[PDB]
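Because the Cβ atoms are built from the backbone with ideal geometry, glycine has one as well, and the counts that use them run over all protein chains shown. Basis: the model, the stated rules and, where named, an outside source; none is laboratory data.
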Amino acid sequence: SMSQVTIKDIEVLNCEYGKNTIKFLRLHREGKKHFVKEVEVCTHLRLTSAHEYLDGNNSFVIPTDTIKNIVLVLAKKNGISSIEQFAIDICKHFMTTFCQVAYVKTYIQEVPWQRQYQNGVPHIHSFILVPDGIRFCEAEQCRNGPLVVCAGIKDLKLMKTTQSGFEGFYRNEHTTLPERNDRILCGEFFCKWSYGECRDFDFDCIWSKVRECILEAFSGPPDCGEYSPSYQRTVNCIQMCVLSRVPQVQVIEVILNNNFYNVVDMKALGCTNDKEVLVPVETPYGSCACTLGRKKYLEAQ
Amino acid sequence: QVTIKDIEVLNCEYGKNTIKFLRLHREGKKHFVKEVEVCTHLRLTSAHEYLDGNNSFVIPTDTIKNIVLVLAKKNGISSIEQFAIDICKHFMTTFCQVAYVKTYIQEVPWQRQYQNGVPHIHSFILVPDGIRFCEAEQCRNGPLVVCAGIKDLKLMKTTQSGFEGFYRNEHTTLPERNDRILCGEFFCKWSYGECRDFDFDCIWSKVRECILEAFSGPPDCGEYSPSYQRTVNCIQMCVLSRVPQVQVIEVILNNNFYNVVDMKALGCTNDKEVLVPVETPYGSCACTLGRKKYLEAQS
Amino acid sequence: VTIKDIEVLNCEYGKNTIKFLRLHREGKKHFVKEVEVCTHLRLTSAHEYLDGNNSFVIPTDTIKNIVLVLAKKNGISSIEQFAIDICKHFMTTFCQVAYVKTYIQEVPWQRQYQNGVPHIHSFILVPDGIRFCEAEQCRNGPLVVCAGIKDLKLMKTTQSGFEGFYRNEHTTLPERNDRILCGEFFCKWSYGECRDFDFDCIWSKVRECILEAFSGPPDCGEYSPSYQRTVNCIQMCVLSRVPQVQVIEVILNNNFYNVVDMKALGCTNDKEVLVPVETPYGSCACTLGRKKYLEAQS
Amino acid sequence: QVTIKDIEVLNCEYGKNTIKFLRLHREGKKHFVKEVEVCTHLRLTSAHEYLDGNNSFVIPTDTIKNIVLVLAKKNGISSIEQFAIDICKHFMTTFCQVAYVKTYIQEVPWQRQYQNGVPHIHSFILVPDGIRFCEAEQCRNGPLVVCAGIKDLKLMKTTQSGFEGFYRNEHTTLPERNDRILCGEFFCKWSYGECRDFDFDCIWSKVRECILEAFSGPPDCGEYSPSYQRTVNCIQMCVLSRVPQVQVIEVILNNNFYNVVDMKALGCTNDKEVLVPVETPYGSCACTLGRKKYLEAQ
Ligand SMILES: O=c1[nH]c(=O)c2nn[nH]c2[nH]1
Ligand SMILES: O=c1[nH]c(=O)c2nn[nH]c2[nH]1
Ligand SMILES: O=c1[nH]c(=O)c2nn[nH]c2[nH]1
Ligand SMILES: O=c1[nH]c(=O)c2nn[nH]c2[nH]1
Ligand SMILES: [Br-]
Ligand SMILES: [Br-]
Ligand SMILES: [Cl-]
Ligand SMILES: [Cl-]
Ligand SMILES: [Cl-]
Ligand SMILES: [Cl-]
Ligand SMILES: [Cl-]
Ligand SMILES: [Cl-]
Ligand SMILES: [Cl-]
Ligand SMILES: [Cl-]
Ligand SMILES: [Cl-]
Ligand SMILES: [Cl-]
Ligand SMILES: [Cl-]
């Protein structure tokens, strides 16, 4: 119909920009005892207009360099009591300082530094990297909308060697999977939960409590464990534990990426392999994901 | 144009890489796991597969994988070191066309889960706090040598570290510093030579404790490091002083500088409060120390 | 005054210092375990005290016979397993037993060696700290096992002080940052009901923790600012490195070594000649337990 | 009634007992300890302190202690034998009134601690596996004689022992036995006479090796003992064959019989499995052997 499209022909469905992987360590000294919080911050903005795209005019653009500067200044002046409070302080600063900001999102993850110990005695200033699951949070706010905070844990890899099966599934001409009532259940978990606009609690304490719920629901009691009839059922058991034990959690998303461990057939090698040697299949891999919300929280919107 | 008689075969080696498996063991309802990654390489007495297209002497890399899995099944894995020994011994004593065998093993760092200080019978969590590995090798008619190690071990102290009194030249702009963050990623490897009259797990743990303690110093005051290099030496001398089984120790320290961000132009003072890691480029230092007694004793 | 005015707070009886050697032979090679056993009972009634009625009393002679028969029939893999077997035997054999406690200590026989070769059947007494254990059970309550080391005498010649202590008008002790630290230790630890480990292995591991924490590393040692702090270092080492230990009790009986004033004798004594003071002597004692374990009891 | 005229002084002797001290020596960071118990006794050339109440010639026992401590400080202690020699020589050269001096010394058995085969610079553990002692004595204008020994040495073998073919009378109920536990606590003491041209520590260790090897026999099979008395002879003949410095050797063996408990009345057979030691009463035997040449040469 026409030889080109012009602004009049097209709708801007989304415009977003920001600064990614702002890495720094906040050091706090109480005499000779040293405290560290090392983080990675992503902060993204949507502006009220798109002249920098549509017209080649930068008048309203806050440089991403400025976004980095603000994150480092706020760390210096405010410290970091929790990554959640820091994500909140960043979002509130952008919304209050810059009228051209329609929307702000701050994602933060912690570098998993632990204090070193010598026969139970905490070291004043020495640390070791211990990645047993990465702590993150995310704060976002629309102009004239609520400031919403999420916390989570990712790269969390749990494995139980029994009390796991997958049976009674749908069968068809392309379904060769045998029924199994014993197998290794190996999952890499991404867990993310919403507090909504709630802030009246200790962020670090509540995060720890959720992490506990995830490990406990996954494992079952330490003397006997608990049967899992699917990866999916195990995801629901985790979500329902967190919701049952942590009232501040309004919505919870859990993604389980599984690895199957095959009992190697050793008959041609002159052996019987009685669930002794198991080879992980890393690709392809199965995943399942569910998001559960409290009826009260969702209806209250 | 060029023929077999103009060229010398300096080296021929082949193997199977990244053989991954979990060895499961049950004592009633209590389950135990060892998950490993194994490389095994061979040198053969002839090179006909390369020079002539004749495979008669070649043990398939598929067979190397089958043997590793069969040995894990029949022998179990008490320690990765004993399993590395078992694999090298099997190749040496089974195949007369093997001139040399090398097995590398690394553990997947599964930890048993705890609820209220009670250990879980069959539930585990992945906790990398430094990757345990080992390596066994042997030439025909030569010692079976065992090495153990820890890698991807990232240690950081926020004080008791400087670098001063260095060599000055026209291209040297580095300031002298007596307070900086010391952050290093360590690769540590040590040889037991032929000795195996000790508990591999116990001695591996002891060397690890030596590394952490020599790095950190005492927990109430720490200990001043005047260079990355001096910290490497304190680790090595601590291990050799406390672990006679260690004959030779190699330590590599890959460091990250943490820069106190100049916040002047932002109207801020930064008194060592906000520090930015420089990941690339990065400094390295490496040292191998050996006991004179062990070195001289090799005829 | 009458039985009606009087409460029986406690009644207990038993057989003490039951001494025997259990000999085991694998062809030419002999193995020994020589022990001393005490076994005490509390009965469900006190008719022997209150009425002169012995109908419920198991003779202490029978307690000895039972200890000797079980050693014969069961052998002794570990003193802890033997103590368990004796408590279990009393609880299943005699319903009038309300409570049983068995204490066992090992006679410290070591196999003799000649130029590195172990002797098939010859031993030497080597007391380097006496191994003991204790098992006890109430009727329908848990069987609890403790192991320990006593008469363990350790000494370091430096890396010991006592400074910054409370001063008053009767305090003449000077501040010291260098002294001999000499202690006789009693150490006892509870496994609770946990029994799924090698008793000998774990005992050896706790012993090594005690010596290493007392001494510090062999190339430099470790400063002790008090006997009390050294007790704490030993306990925290054991608890940090041995998960099976739930509760640990350490008693340190110290001996002061005085640098003799030889000025009157025309001599300077630069910490060269030291005289030990055996009485009076100082003691300190601490019991630490895992919070998780102590909560799980209540 | 009776006066000095009617009575003869057969013997007078006095001294200081249990003088305890530690001698500490430092080579850089490395500490060396020798802790000893010293007894020093004198006979004087007169007895006026007893007979007349005149103390003019008495050296206070407090002075004997001061001299032992002063000599430890000034000389150090290379060996307890050299220290005992130095004490006797001091009393003889210093005091006109000394007719006779005897010095007895025993070592406190401190052993350096080891961690994973590494010797600790300054930490020790008490390990009493046979107490080292010595004794020096001298009459005025007579030879200074030195003895060394080992006591409280407890050895046990579980077979290769019997006692048969002994004298029988109407009061003899002991059965012939060809297979018993041989358990002895040994006191061994030997004389070097006046010879001192050797390493005292070296030679003491050699004698101790000889006692353990002769008691035990070879590690692969042992050696049959037909009595305690013949084991004492084997020990002595082994020392005299292998250690030419030893002129005279005394060995005292205090034995403990281990009874195979008769368990027929308890429904059991006891096939040398459970044995009970008899600590009292107890048998002893003692022999002193000397080289003909040294006994003639007196
Ligand atoms: O638990 C399981 N869920 C699934 O959806 C599935 N698909 N293959 N195996 C499976 N196991
Ligand atoms: O400790 C240090 N060693 C070095 O070699 C170096 N080079 N730059 N900074 C350094 N710091
Ligand atoms: O370490 C010590 N603790 C004490 O309680 C004490 N009392 N005197 N000396 C002492 N030394
Ligand atoms: O060896 C022995 N000697 C004795 O003199 C003796 N007397 N009873 N048993 C004995 N055994
Ligand atoms: Br021996
Ligand atoms: Br030791
Ligand atoms: Cl640590
Ligand atoms: Cl497979
Ligand atoms: Cl070839
Ligand atoms: Cl856990
Ligand atoms: Cl700096
Ligand atoms: Cl060396
Ligand atoms: Cl043995
Ligand atoms: Cl002092
Ligand atoms: Cl007289
Ligand atoms: Cl007999
Ligand atoms: Cl001989």
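The table below gives the values:
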read-out	value
Test for A:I124: is it more than 25 Å from the chain's Cα centre (by Cα), within 30 Å of B:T159 (Cα to Cα), surrounded by 21 or more Cβ atoms within 10 Å (Cβ to Cβ) and away from ligand 2 (no atom under 16 Å from the Cβ)	yes
Single unsatisfied condition, C:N269 versus (1) assigned to a strand (DSSP E or B); (2) closer than 30 Å to D:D62 by Cα; (3) touching a helix residue (DSSP H, G or I) at 6+ places or on another chain (Cβ under 8 Å)	(1)
Close pairs (6 angstrom Cβ cut-off, 6 or more residues apart or separate chains): within 9 Å of another protein chain (Cβ to nearest Cβ) in the stretch C:96-125, of a type in the set (S, T, Y) and within 16 Å of ligand 5 (Cβ to nearest atom) anywhere	C:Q112/C:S122; C:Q112/D:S216; C:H119/D:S216; C:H121/D:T158; C:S122/D:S216
Residue list for the stretch A:119-165, restricted to those being over 23 Å from A:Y231 (Cα atoms) and outside any strand (DSSP E or B)	A:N119, A:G120, A:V130, A:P131, A:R143, A:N144, A:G145, A:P146, A:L147
Only listed residue being more than 14 Å from chain A (Cβ to nearest Cβ) and either in contact (Cβ under 8 Å) with a residue 24 or more places away in the chain or away from ligand 9 (no atom under 16 Å from the Cβ) (or both), chosen from B:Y224, B:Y192	B:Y192
Failed item, numbered, when D:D220 is tested on (1) under 25 Å from the mean Cα position of the chain (by Cα); (2) more than 16 Å from ligand 17 (Cβ to nearest atom); (3) among the charged types (D, E, K, R)	(1)
B:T158 vs. criteria away from ligand 4 (no atom under 16 Å from the Cβ), within 12 Å of chain A (Cβ to nearest Cβ) and more than 30 Å from A:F189 (Cα to Cα)	yes
Options A:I22, A:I67, A:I7, A:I62: the member that is exposed (fewer than 12 other Cβ atoms within 10 Å of the Cβ) and free of Cβ contacts under 8 Å to residues at least 60 places away in the same chain	A:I7
Among (1) free of Cβ contacts under 8 Å to residues at least 60 places away in the same chain; (2) within 25 Å of C:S204 (Cα to Cα), the one test that D:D152 misses	(2)
Qualifying residue in the stretch B:198-213 (condition: in contact with a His (Cβ under 9 Å, 6 or more places away or on another chain), free of Cβ contacts under 8 Å to residues at least 40 places away in the same chain and within 11 Å of chain A (Cβ to nearest Cβ))	no
Selection from the stretch D:34-59 of residues that are within 14 Å of another protein chain (Cβ to nearest Cβ) and buried (at least 18 other Cβ atoms within 10 Å of the Cβ)	D:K34, D:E35, D:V36, D:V38
Hey, B:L126 hydrophobic (A, V, I, L, M, F, W, C) and over 30 Å from C:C194 (Cβ atoms) or not	no
Condition met for D:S78 (surrounded by fewer than 19 Cβ atoms within 10 Å (Cβ to Cβ), small (G, A, S), away from chain C (no Cβ under 14 Å) and more than 30 Å from C:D178 (Cα to Cα))	no
Residue match in the stretch D:184-198 (condition: under 27 Å from D:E107 (Cα atoms), more than 16 Å from ligand 6 (Cβ to nearest atom), among the charged types (D, E, K, R) and surrounded by fewer than 13 Cβ atoms within 10 Å (Cβ to Cβ))	yes
Strands (runs of 3 or more DSSP E) contained entirely in the stretch B:1-118, each with at least 3 residues that are within 30 Å of A:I214 (Cβ to Cβ) and not assigned by TED's automatic domain parsing to the domain that holds B:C188	B:14-27, B:30-44, B:110-115
